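Residue numbers (the entry's author numbering), protein chains in the order written: chain A, 1 to 174; chain B, 1 to 174; chain C, 1 to 174; chain D, 1 to 174.
A virtual CB, placed ideally from N, CA and C, is assigned to each residue, including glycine.
Protein chains: 4
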Amino acid sequence: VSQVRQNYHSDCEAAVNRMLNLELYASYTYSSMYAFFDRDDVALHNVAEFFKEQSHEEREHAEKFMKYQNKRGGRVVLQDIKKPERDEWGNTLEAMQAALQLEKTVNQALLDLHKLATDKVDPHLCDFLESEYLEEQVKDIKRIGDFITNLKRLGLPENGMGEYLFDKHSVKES
Amino acid sequence: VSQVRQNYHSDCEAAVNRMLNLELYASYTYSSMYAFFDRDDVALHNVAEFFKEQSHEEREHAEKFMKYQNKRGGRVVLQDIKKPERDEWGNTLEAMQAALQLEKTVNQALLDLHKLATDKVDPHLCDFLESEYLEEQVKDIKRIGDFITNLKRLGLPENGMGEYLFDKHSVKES
Amino acid sequence: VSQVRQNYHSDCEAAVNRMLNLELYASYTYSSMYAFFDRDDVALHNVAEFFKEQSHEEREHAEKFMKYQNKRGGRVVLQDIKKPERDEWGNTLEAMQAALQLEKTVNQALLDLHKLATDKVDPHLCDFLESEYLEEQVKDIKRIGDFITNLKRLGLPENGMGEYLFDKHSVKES
Amino acid sequence: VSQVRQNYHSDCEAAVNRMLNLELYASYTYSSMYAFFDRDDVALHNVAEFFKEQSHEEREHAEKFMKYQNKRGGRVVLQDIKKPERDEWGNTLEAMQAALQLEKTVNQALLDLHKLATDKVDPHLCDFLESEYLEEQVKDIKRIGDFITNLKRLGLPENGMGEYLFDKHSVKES
Ligand SMILES: [Cl-]
Ligand SMILES: [Cl-]
Ligand SMILES: [Cl-]
Ligand SMILES: [Cl-]
Ligand SMILES: [Cl-]
Ligand SMILES: [Cl-]
Ligand SMILES: [Cl-]
Ligand SMILES: [Cl-]
Ligand SMILES: [Cl-]
Ligand SMILES: [Cl-]
Ligand SMILES: [Cl-]
Ligand SMILES: [Cl-]
Ligand SMILES: [Cl-]
Ligand SMILES: [Cl-]
Ligand SMILES: [Cl-]
Ligand SMILES: [Cl-]
Ligand SMILES: [Cl-]
Ligand SMILES: [Cl-]
Ligand SMILES: [Cl-]
Ligand SMILES: [Cl-]
Ligand SMILES: [Cl-]
Ligand SMILES: [Cl-]
Ligand SMILES: [Cl-]
Ligand SMILES: [Cl-]
Ligand SMILES: [Cl-]
Ligand SMILES: [Cl-]
Ligand SMILES: [Cl-]
Ligand SMILES: [Cl-]
Ligand SMILES: [Cl-]
Ligand SMILES: [Cl-]
Ligand SMILES: [Cl-]
Ligand SMILES: [Cl-]
Ligand SMILES: [Cl-]
Ligand SMILES: [Cl-]
Ligand SMILES: [Cl-]
Ligand SMILES: [Cl-]
Ligand SMILES: [Cl-]
Ligand SMILES: [Cl-]
Ligand SMILES: [Cl-]
Ligand SMILES: [Cl-]
Ligand SMILES: [Cl-]
Ligand SMILES: [Cl-]
Ligand SMILES: [Cl-]
Ligand SMILES: [Cl-]
Ligand SMILES: [Cl-]
Ligand SMILES: [Cl-]
Ligand SMILES: [Cl-]
Ligand SMILES: [Cl-]
Ligand SMILES: [Cl-]
Ligand SMILES: [Cl-]
Ligand SMILES: [Cl-]
Ligand SMILES: [Cl-]
Ligand SMILES: [Cl-]
Ligand SMILES: [Cl-]
Ligand SMILES: [Cl-]
Ligand SMILES: [Cl-]
Ligand SMILES: [Cl-]
Ligand SMILES: [Cl-]
Ligand SMILES: [Cl-]
Ligand SMILES: [Fe+2]
Ligand SMILES: [Fe+2]
Ligand SMILES: [Fe+2]
Ligand SMILES: [Fe+2]
Ligand SMILES: [Fe+2]
Ligand SMILES: [Fe+2]
Ligand SMILES: [Fe+2]
Ligand SMILES: [Fe+2]
Ligand SMILES: [Fe+2]
Ligand SMILES: [Fe+2]
Ligand SMILES: [Fe+2]
Ligand SMILES: [Fe+2]
Ligand SMILES: [Fe+2]
Ligand SMILES: [Fe+2]
Ligand SMILES: [Fe+2]
Ligand SMILES: [Fe+2]
Ligand SMILES: [Mg+2]
Ligand SMILES: [Mg+2]
Ligand SMILES: [Mg+2]
Ligand SMILES: [Mg+2]
Ligand SMILES: [Mg+2]
Ligand SMILES: [Mg+2]
Ligand SMILES: [Mg+2]
Ligand SMILES: [Mg+2]
Ligand SMILES: [Mg+2]
Ligand SMILES: [Mg+2]
Ligand SMILES: [Mg+2]
Ligand SMILES: [Mg+2]
Ligand SMILES: [Mg+2]
Ligand SMILES: [Mg+2]
Ligand SMILES: [Mg+2]
Ligand SMILES: [Mg+2]
Ligand SMILES: [Mg+2]
Ligand SMILES: [Mg+2]
Ligand SMILES: [Mg+2]
Ligand SMILES: [Mg+2]
Ligand SMILES: [Mg+2]
Ligand SMILES: [Mg+2]
Ligand SMILES: [Mg+2]
Ligand SMILES: [Mg+2]
Ligand SMILES: [Mg+2]
Ligand SMILES: [Mg+2]
Ligand SMILES: [Mg+2]
Ligand SMILES: [Mg+2]
Ligand SMILES: [Mg+2]
Ligand SMILES: [Mg+2]
């Protein structure tokens, strides 16, 4: 009943709201990782800044869904942002493994939303996901996988020198 | 079993490897056309350079598939690059006609890969083909068709002055 | 019977075509190494880019032989480009050892071509090889040998930290 | 008996003087072609300027041999510069065919001088010919052959429009 609404199924509107929540959840998990690596007894600053930036990017993903919802005439409905699964993240390897799984969880939700949009014959929503979300996921999943391979090569979790070197050379100097 | 792999069917992985080979094959055919037009008894330099650039572009298409394969967690598998169908290319008209058919053959393979990706519900691969390959083919097919029309207008194959003028005015001065 | 042909033996013409094929073969082998180091379970980006550049350089070597053939009035004859000997390259040390042997194989073929050119009293072809090919081989063979020495010093194949450091410090940052 | 002379055979000294004369002869022939195409009843200005530049380049080739002779401690001995074989050059095709044969005659003399230098074990003279003369000949022979192919394609000698177009598009605008 929005004056702009056209070819936008209620199911897709609802699924966009759920996806928005998941983006915010992902942002919050990354924020927790930032704070962990900033601890004085962890002290891997470039890794911390990597996760801070990851958090900001997820927040941007969320805001883009809010804007999308309104563009199509749907209505943003917010729910609680659940706290992350862990309060402490072990080390760079454990955190990167959790990040990989988080990005794959987000990717699966996006793929599921694409299936729904396809089922409801919504090519605009399909294009939006393909053009703004799906390649970002593939690229970041590859980046994080590459990191994990290098962390293993560097002898994580046991090799502290390896972990130190990863922070200096693999992630952006901040 | 790659840690990055998600929603990537074995059939699509294999078809990407076959497509990679076809891009390399197309590159090699264009390289042969370059060398032919550079012969002292052919001596159409702008036409030669046109095909040299076509060859480099196909090589870039191939490299982009290699990168894609790895991004999705598939594994690049290479096969022999078959030599071109001809050792000599007749004249500018015959070569352009062969180029048109080559670009249409490549296009059909890309369309077939899109059908497979659609069947396997792989929207990332669909988007990749649509965003990076399919429009390039339509544009180049149109360009080459336009050239063939002009070569016929110029009296090819019999009209040597027509062929000379095409090289001076239709293809980029190199 | 080309109008430009002068002092160019049929044997040399044929050997130039065979050398052209070998340059293309070398290019393809280096392309395979690039793709291997770009895998998410290998993930040595600077090493990957090193081999990508090696591949492009071999392609340039091939194109220079095509141009040479035509300049002398010979005729380019292409054959299949055989796929590389391996589908996977083990690690940076194994790949560099294979690269060393590849560059020495190419060098031996160039030296053999120089012997033929000398036998047929073709000083232009001798000069072409000496001025455009032979020093490139000596320089690259030295570079790759130096790399292998450093990879051994760094404890390859067992020392993953050593391999990580080589990628950061020995090859160009890409 | 020159104080600088070392490893310079009398035969090579004499052959350098004969080569010098041939370069001057080639210059003079090209000058005649320039004057012919500048005639009001020929009037192909870009072709005329092409041959004028060819003439100046041969003069530079001659001067470089004079300098070489003195560098090695030989003595420049000059002979008459014979007038060209023709007083009129027919048309662009006939002139280009004569230019091709002239450049091949010069090339054969250079190759013969290289054989002599090789026989007398004079690597400096071999290098001088290879580095300063032999590639220039191959390149110019290819250029002129390419021109002849295009003149034939353009319908020379009968097709006056073809000849006009060659002057506008194949040779440098002067
Ligand atoms: Cl609606
Ligand atoms: Cl509709
Ligand atoms: Cl609805
Ligand atoms: Cl909702
Ligand atoms: Cl709950
Ligand atoms: Cl977790
Ligand atoms: Cl915890
Ligand atoms: Cl997760
Ligand atoms: Cl957007
Ligand atoms: Cl995207
Ligand atoms: Cl990327
Ligand atoms: Cl990495
Ligand atoms: Cl370790
Ligand atoms: Cl890294
Ligand atoms: Cl999968
Ligand atoms: Cl899925
Ligand atoms: Cl599968
Ligand atoms: Cl395969
Ligand atoms: Cl086969
Ligand atoms: Cl064909
Ligand atoms: Cl053929
Ligand atoms: Cl085809
Ligand atoms: Cl891309
Ligand atoms: Cl495209
Ligand atoms: Cl267009
Ligand atoms: Cl056109
Ligand atoms: Cl016609
Ligand atoms: Cl015109
Ligand atoms: Cl056109
Ligand atoms: Cl010959
Ligand atoms: Cl000879
Ligand atoms: Cl022969
Ligand atoms: Cl051959
Ligand atoms: Cl075979
Ligand atoms: Cl091997
Ligand atoms: Cl293998
Ligand atoms: Cl080898
Ligand atoms: Cl060169
Ligand atoms: Cl070199
Ligand atoms: Cl050096
Ligand atoms: Cl080194
Ligand atoms: Cl070690
Ligand atoms: Cl450093
Ligand atoms: Cl080093
Ligand atoms: Cl002496
Ligand atoms: Cl001596
Ligand atoms: Cl003597
Ligand atoms: Cl003398
Ligand atoms: Cl006389
Ligand atoms: Cl004559
Ligand atoms: Cl005469
Ligand atoms: Cl002559
Ligand atoms: Cl000099
Ligand atoms: Cl030279
Ligand atoms: Cl050249
Ligand atoms: Cl030309
Ligand atoms: Cl005609
Ligand atoms: Cl024009
Ligand atoms: Cl031309
Ligand atoms: Fe970022
Ligand atoms: Fe991310
Ligand atoms: Fe996200
Ligand atoms: Fe990212
Ligand atoms: Fe292009
Ligand atoms: Fe193309
Ligand atoms: Fe292509
Ligand atoms: Fe194109
Ligand atoms: Fe390089
Ligand atoms: Fe190399
Ligand atoms: Fe090479
Ligand atoms: Fe090199
Ligand atoms: Fe010139
Ligand atoms: Fe010349
Ligand atoms: Fe000369
Ligand atoms: Fe020249
Ligand atoms: Mg209203
Ligand atoms: Mg609703
Ligand atoms: Mg949820
Ligand atoms: Mg709770
Ligand atoms: Mg995109
Ligand atoms: Mg983005
Ligand atoms: Mg990367
Ligand atoms: Mg694994
Ligand atoms: Mg499979
Ligand atoms: Mg195939
Ligand atoms: Mg075959
Ligand atoms: Mg597009
Ligand atoms: Mg493109
Ligand atoms: Mg157009
Ligand atoms: Mg002929
Ligand atoms: Mg032969
Ligand atoms: Mg071979
Ligand atoms: Mg085989
Ligand atoms: Mg020598
Ligand atoms: Mg030399
Ligand atoms: Mg050199
Ligand atoms: Mg070089
Ligand atoms: Mg060095
Ligand atoms: Mg004295
Ligand atoms: Mg004497
Ligand atoms: Mg003489
Ligand atoms: Mg006389
Ligand atoms: Mg040179
Ligand atoms: Mg020069
Ligand atoms: Mg040219």
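- Query: Using the C-alpha atoms, what's the distance from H45/A back to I141/C?
  - Reply: 41 angstroms
Original post:
Applying a beta-carbon distance threshold of less than 7 angstroms, which residues of chain C neighbour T118/A?
Top reply: Those do not exist, as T118/A stays about 28 angstroms from chain C at its closest Cβ, beyond 7 angstroms.
- [ ] Please go through the segment 79-149 of chain A and give each complete alpha helix (DSSP H) segment of 4 or more residues, from N-terminal end onward.
- [x] 92-119 and 123-129
Flag this pair as yes or no: are the beta carbons of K104/B and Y28/B separated by less than 8 angstroms? no
Task: Where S32/B falls, given that 16 or more other Cβ within 10 Å makes a residue buried - done: buried
Boundaries of the alpha helix (DSSP H) in which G162/D is found, first to last residue:
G160 to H169
How about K104/A: is its C-beta nearer than 8 angstroms to some C-beta of chain C? no
key: Option in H61/D, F51/D and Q3/D with minimal Cα separation from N107/D   = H61/D
Would you identify the three-state DSSP class for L151/B, choosing helix, strand or coil?
helix
Taking a cut of 9 angstroms between CB atoms, which residues from the segment 132-153 of chain A lie near chain B? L134, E135, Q137, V138, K139, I141, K142, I144, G145, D146, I148 and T149
The alpha helix (DSSP H) enclosing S10/D, as first and last residue numbers: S10 to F37
**Request:** Since I believe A48/A is in contact with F37/A (beta carbons under 8 angstroms), could you give me their beta-carbon distance rounded to a whole number of angstroms?
**Result:** 4 angstroms
| query | Which chain C residues are close to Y30/B, counting only those with a beta carbon under 8 angstroms from its beta carbon? | reply | Residues of chain C passing the Cβ test: none, with the nearest at roughly 12 angstroms.
**Message:** For a cutoff of 8 angstroms on Cβ pairs, would you count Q54/C as touching chain B?
**Reply:** no
Let me confirm a value: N7/A is counted as buried when at least 16 other C-beta atoms fall within 10 Å, else exposed. Which label applies? exposed
Return helix, strand or coil for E49/B, following the three-state DSSP convention. helix
Worksheet item: Buried or exposed: where does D167/D fall if 16 or more other Cβ atoms within 10 Å of its Cβ makes it buried?
Response: buried
Inspect the beta-carbon positions of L111/C and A117/C and report whether they are closer than 8 angstroms. no
message = Less than 8 angstroms between the C-beta atoms of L24/B and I81/B, yes or no?
response = yes
Given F65/D as reference, the closest of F50/D, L156/D and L129/D once Cα atoms are compared:
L129/D
Whether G160/A touches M161/C by CB criterion (8 angstroms):
no
Practice item. Check whether the Cβ atoms of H9/B and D127/B sit closer than 8 angstroms, and answer yes or no. Key: no
Problem set entry | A95/B, buried or exposed, once every other Cβ within 10 Å from all chains shown has been counted against 16 | buried
**Q.** Which of helix, strand or coil DSSP assigns to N70/A
**A.** helix
Query raised in the report: Of all the options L113/B, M19/B, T92/B and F147/B, which has the alpha carbon lying nearest to the alpha carbon of residue 199/B?
Result: Past the boundaries of the shown model lies residue 199/B; chain B is included only from 1 to 174, so the question cannot be answered.
Verify whether the separation of the beta carbon atoms of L100/D and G145/D is less than 8 angstroms. yes
**Item:** By C-beta, the residues closer than 6 angstroms to any heavy atom of ligand 7, given in chain order
**Value:** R86/A, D87/A and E88/A
**OP:** Please check the pair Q69/A and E13/A, which I expect to be a contact at CB under 8 angstroms, by giving their CB distance rounded to whole angstroms.
**Re:** 7 angstroms
Report task. Put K64/C into one of helix, strand or coil per three-state DSSP. Result -> helix
Any heavy atom of ligand 30 inside 7 angstroms of the beta-carbon of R39/B?
no
Quick one: Cα of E85/C to Cα of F51/C, how far?
16 angstroms
| task | Pull up the distance between the alpha-carbon of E57/B and that of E57/A, whole angstroms please. | result | 34 angstroms
Output the distance between the C-alpha atoms of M19/D and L78/D, rounded to the nearest integer angstrom. 11 angstroms
Do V138/A and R72/B have their C-beta atoms closer together than 8 angstroms?
yes
From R143/C, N21/C, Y34/C and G74/C, pick the residue whose C-alpha is nearest to that of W89/C; which is it? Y34/C
- [ ] Taking C-beta pairs closer than 7 angstroms, name the residues in chain D that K168/B reaches, listed in chain order.
- [x] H169
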